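J.: Quick one, coords.cif (mmCIF, C-alpha atoms):
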```
data_data
#
loop_
_atom_site.group_PDB
_atom_site.id
_atom_site.type_symbol
_atom_site.label_atom_id
_atom_site.label_comp_id
_atom_site.auth_asym_id
_atom_site.auth_seq_id
_atom_site.Cartn_x
_atom_site.Cartn_y
_atom_site.Cartn_z
ATOM 1 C CA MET A 1 -10.798 3.904 2.647
ATOM 2 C CA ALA A 2 -11.723 2.566 6.065
ATOM 3 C CA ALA A 3 -10.087 0.804 8.987
ATOM 4 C CA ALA A 4 -11.147 -2.619 10.208
ATOM 5 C CA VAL A 5 -8.086 -3.615 12.200
ATOM 6 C CA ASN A 6 -9.217 -6.614 14.213
ATOM 7 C CA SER A 7 -5.776 -8.140 14.608
ATOM 8 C CA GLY A 8 -4.545 -8.199 18.187
ATOM 9 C CA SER A 9 -6.114 -6.009 20.846
ATOM 10 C CA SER A 10 -4.818 -2.654 19.669
ATOM 11 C CA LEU A 11 -1.547 -1.601 18.082
ATOM 12 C CA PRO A 12 -0.172 1.719 16.816
ATOM 13 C CA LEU A 13 0.812 2.591 13.267
ATOM 14 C CA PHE A 14 4.495 3.049 14.004
ATOM 15 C CA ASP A 15 7.166 3.285 16.675
ATOM 16 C CA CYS A 16 9.586 6.196 16.726
ATOM 17 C CA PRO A 17 13.150 5.035 17.409
ATOM 18 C CA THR A 18 15.655 6.597 19.778
ATOM 19 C CA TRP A 19 17.955 7.912 17.076
ATOM 20 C CA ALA A 20 15.204 10.270 15.982
ATOM 21 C CA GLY A 21 15.585 13.940 16.823
ATOM 22 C CA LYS A 22 14.408 17.147 15.191
ATOM 23 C CA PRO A 23 15.000 18.087 11.547
ATOM 24 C CA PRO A 24 16.038 21.653 10.700
ATOM 25 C CA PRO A 25 13.801 24.064 8.776
ATOM 26 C CA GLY A 26 15.351 23.270 5.416
ATOM 27 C CA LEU A 27 14.081 19.850 4.406
ATOM 28 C CA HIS A 28 11.205 18.526 2.333
ATOM 29 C CA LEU A 29 10.074 15.325 0.658
ATOM 30 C CA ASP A 30 9.217 14.824 -2.994
ATOM 31 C CA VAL A 31 7.758 12.310 -5.417
ATOM 32 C CA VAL A 32 8.658 11.347 -8.966
ATOM 33 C CA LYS A 33 6.737 9.105 -11.334
ATOM 34 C CA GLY A 34 10.064 8.385 -12.988
ATOM 35 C CA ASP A 35 11.528 11.437 -14.680
ATOM 36 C CA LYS A 36 8.952 14.001 -13.624
ATOM 37 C CA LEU A 37 8.289 15.516 -10.219
ATOM 38 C CA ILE A 38 4.768 14.583 -9.188
ATOM 39 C CA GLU A 39 4.216 16.391 -5.909
ATOM 40 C CA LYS A 40 6.177 17.768 -2.979
ATOM 41 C CA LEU A 41 5.980 17.297 0.771
ATOM 42 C CA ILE A 42 7.678 18.609 3.891
ATOM 43 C CA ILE A 43 9.755 16.610 6.343
ATOM 44 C CA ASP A 44 11.208 19.449 8.380
ATOM 45 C CA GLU A 45 8.509 19.458 11.035
ATOM 46 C CA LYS A 46 8.576 16.118 12.813
ATOM 47 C CA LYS A 47 11.160 13.418 13.409
ATOM 48 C CA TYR A 48 9.034 10.547 12.156
ATOM 49 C CA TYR A 49 6.149 10.331 9.717
ATOM 50 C CA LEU A 50 4.089 7.665 7.992
ATOM 51 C CA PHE A 51 3.382 6.503 4.460
ATOM 52 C CA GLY A 52 0.405 4.488 3.275
ATOM 53 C CA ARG A 53 -3.026 5.772 2.320
ATOM 54 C CA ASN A 54 -5.093 6.218 5.460
ATOM 55 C CA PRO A 55 -4.285 9.662 6.874
ATOM 56 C CA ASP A 56 -6.366 8.843 9.928
ATOM 57 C CA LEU A 57 -3.253 6.952 10.956
ATOM 58 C CA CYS A 58 -0.501 8.143 8.645
ATOM 59 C CA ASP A 59 0.411 11.749 7.945
ATOM 60 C CA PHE A 60 0.845 11.278 4.215
ATOM 61 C CA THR A 61 -0.782 9.169 1.527
ATOM 62 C CA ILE A 62 0.845 7.059 -1.162
ATOM 63 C CA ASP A 63 -2.426 7.113 -3.067
ATOM 64 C CA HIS A 64 -2.329 3.476 -4.110
ATOM 65 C CA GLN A 65 -4.588 0.510 -3.461
ATOM 66 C CA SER A 66 -1.657 -1.884 -3.510
ATOM 67 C CA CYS A 67 -0.024 -0.085 -0.607
ATOM 68 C CA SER A 68 -1.608 -0.209 2.828
ATOM 69 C CA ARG A 69 -2.864 2.199 5.464
ATOM 70 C CA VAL A 70 0.643 2.176 6.887
ATOM 71 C CA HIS A 71 2.770 0.976 3.995
ATOM 72 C CA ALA A 72 5.805 2.378 5.768
ATOM 73 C CA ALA A 73 7.059 5.209 7.945
ATOM 74 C CA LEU A 74 9.858 7.748 7.734
ATOM 75 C CA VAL A 75 12.295 8.733 10.457
ATOM 76 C CA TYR A 76 14.774 11.588 10.640
ATOM 77 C CA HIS A 77 18.035 10.478 12.208
ATOM 78 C CA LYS A 78 19.736 12.788 14.677
ATOM 79 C CA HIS A 79 23.134 11.181 15.124
ATOM 80 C CA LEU A 80 23.291 11.088 11.344
ATOM 81 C CA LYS A 81 21.161 14.118 10.560
ATOM 82 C CA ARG A 82 19.488 12.186 7.768
ATOM 83 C CA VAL A 83 16.223 10.437 6.988
ATOM 84 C CA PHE A 84 15.138 6.813 7.102
ATOM 85 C CA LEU A 85 12.425 4.645 5.595
ATOM 86 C CA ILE A 86 11.126 1.837 7.775
ATOM 87 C CA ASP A 87 9.268 -0.654 5.615
ATOM 88 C CA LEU A 88 6.411 -1.548 7.931
ATOM 89 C CA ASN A 89 5.948 -5.071 6.626
ATOM 90 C CA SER A 90 4.887 -3.441 3.379
ATOM 91 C CA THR A 91 2.560 -5.631 1.350
ATOM 92 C CA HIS A 92 5.311 -5.813 -1.244
ATOM 93 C CA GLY A 93 8.392 -4.000 -0.002
ATOM 94 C CA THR A 94 10.305 -0.734 0.029
ATOM 95 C CA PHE A 95 13.430 0.272 -1.857
ATOM 96 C CA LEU A 96 15.895 3.138 -2.028
ATOM 97 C CA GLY A 97 16.072 3.599 -5.781
ATOM 98 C CA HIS A 98 17.970 0.418 -6.556
ATOM 99 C CA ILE A 99 18.263 -1.004 -3.060
ATOM 100 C CA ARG A 100 15.851 -3.185 -1.124
ATOM 101 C CA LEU A 101 14.805 -2.475 2.443
ATOM 102 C CA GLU A 102 13.734 -4.990 5.060
ATOM 103 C CA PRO A 103 10.148 -5.069 6.347
ATOM 104 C CA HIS A 104 11.296 -3.706 9.686
ATOM 105 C CA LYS A 105 14.898 -2.619 9.278
ATOM 106 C CA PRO A 106 15.190 1.117 8.587
ATOM 107 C CA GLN A 107 17.214 2.499 5.703
ATOM 108 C CA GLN A 108 18.761 5.952 5.767
ATOM 109 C CA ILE A 109 17.817 8.356 3.000
ATOM 110 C CA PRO A 110 20.436 10.612 1.396
ATOM 111 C CA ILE A 111 19.660 13.961 -0.186
ATOM 112 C CA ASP A 112 18.594 14.056 -3.816
ATOM 113 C CA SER A 113 18.161 10.338 -3.257
ATOM 114 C CA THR A 114 15.427 8.140 -4.676
ATOM 115 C CA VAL A 115 13.196 5.525 -3.089
ATOM 116 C CA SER A 116 10.532 3.280 -4.568
ATOM 117 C CA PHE A 117 7.947 1.629 -2.350
ATOM 118 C CA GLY A 118 6.127 -1.597 -3.126
ATOM 119 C CA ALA A 119 3.423 -0.588 -5.576
ATOM 120 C CA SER A 120 4.068 3.135 -5.789
ATOM 121 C CA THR A 121 6.654 2.986 -8.550
ATOM 122 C CA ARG A 122 7.323 6.614 -7.701
ATOM 123 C CA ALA A 123 10.842 7.744 -6.884
ATOM 124 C CA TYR A 124 10.479 9.645 -3.631
ATOM 125 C CA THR A 125 13.313 12.092 -4.179
ATOM 126 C CA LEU A 126 14.215 13.255 -0.691
ATOM 127 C CA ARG A 127 15.515 16.769 -1.226
ATOM 128 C CA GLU A 128 16.952 19.323 1.169
ATOM 129 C CA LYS A 129 16.236 23.037 1.021
ATOM 130 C CA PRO A 130 19.696 24.081 -0.187
ATOM 131 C CA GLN A 131 21.175 27.565 -0.172
ATOM 132 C CA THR A 132 19.072 30.407 -1.522
#
```
Would you encode the structure as structure tokens?
T.:
Amino acid sequence: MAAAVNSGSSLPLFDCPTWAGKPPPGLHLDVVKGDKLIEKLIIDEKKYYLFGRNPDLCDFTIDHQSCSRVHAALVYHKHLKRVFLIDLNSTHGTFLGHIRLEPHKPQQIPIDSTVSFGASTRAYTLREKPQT
């Protein structure tokens, strides 16, 4: 995995919106191959992350050749207090379980929800550290 971005002069890997804020210490991401939890991640640290393969740019890694360095990026709403998945012109596209997302337009992410990126057939189950 390398980076040979020659397009344009120099561009970032994402652009945090203005609806982004700060998530409380009680959130965390997840992944499901279908009916089995693969791994788990945290999302209660920043207000916007990434999702591709190259960590040198993104914070996470889809772990798929199909995907791209910056397949997409997440964003934690503030006025909604939820999450969002911005399909950064994903090679294929991003979905929210059974919904399709635009390659630019963000799509909120409910708790115990499920999202499926282009290749990664996973079912990113966005959870939320409930009551103990």
J.: Tell me which protein, DNA and RNA residues are within 7 Å of residue 103 (chain A), counting all atoms listed in the file, leaving out same-chain ones fewer than 6 positions away, and put them as a PyMOL selection string.
T.: chain A and resi 87-90+93
J.: Name all residues at most 9 Å from region 40-53 of chain A (count only C-alpha atoms; drop same-chain ones fewer than 6 positions away) and give them as a PyMOL selection string.
T.: chain A and resi 1+13-17+20-31+59-65+67-78+83-84+126
J.: Could you state the separation of CA of residue 115 (chain A) and CA of residue 2 (chain A) in Å, given to one decimal place?
T.: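 One can read the CA of residue 115 (chain A) to CA of residue 2 (chain A) distance as 26.7 Å.
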J.: Tell me, as a ChimeraX atom specification, which residues lie within 10 Å of residue 99 (chain A), counting all atoms listed in the file; anything in the same chain fewer than 5 positions away does not count.
T.: /A:94,107,114-116
J.: Could you write out the selected residues, including C-alpha atoms, as a PDB file, in the frame of the given file?
T.:
```pdb
ATOM      1  CA  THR A  94      10.305  -0.734   0.029  1.00  0.00           C
ATOM      2  CA  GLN A 107      17.214   2.499   5.703  1.00  0.00           C
ATOM      3  CA  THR A 114      15.427   8.140  -4.676  1.00  0.00           C
ATOM      4  CA  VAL A 115      13.196   5.525  -3.089  1.00  0.00           C
ATOM      5  CA  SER A 116      10.532   3.280  -4.568  1.00  0.00           C
TER       6      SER A 116
END
```
J.: When you count only C-alpha atoms, which of these residues is closest to residue 66 (chain A): A:85, A:3, A:119, A:11?
T.: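 Result for the nearest residue to residue 66 (chain A): A:119.
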J.: One number please: CA of residue 113 (chain A) to CA of residue 37 (chain A), in Å, one decimal.
T.: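 Separating CA of residue 113 (chain A) from CA of residue 37 (chain A) is a distance of 13.1 Å.
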J.: So, counting only C-alpha atoms, which residue among A:132, A:18, A:57, A:111 is closest to residue 5 (chain A)?
T.: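 Counting only C-alpha atoms, the residue closest to residue 5 (chain A) is A:57.
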J.: In Å, with one decimal, what is the gap from CA of residue 79 (chain A) to CA of residue 39 (chain A)?
T.: 28.8 Å
J.: Out of A:110, A:127, A:82, A:97, which residue has the shortest atom-to-atom distance to residue 34 (chain A) when counting only C-alpha atoms?
T.: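 So, comparing all the options, the nearest one is A:97.
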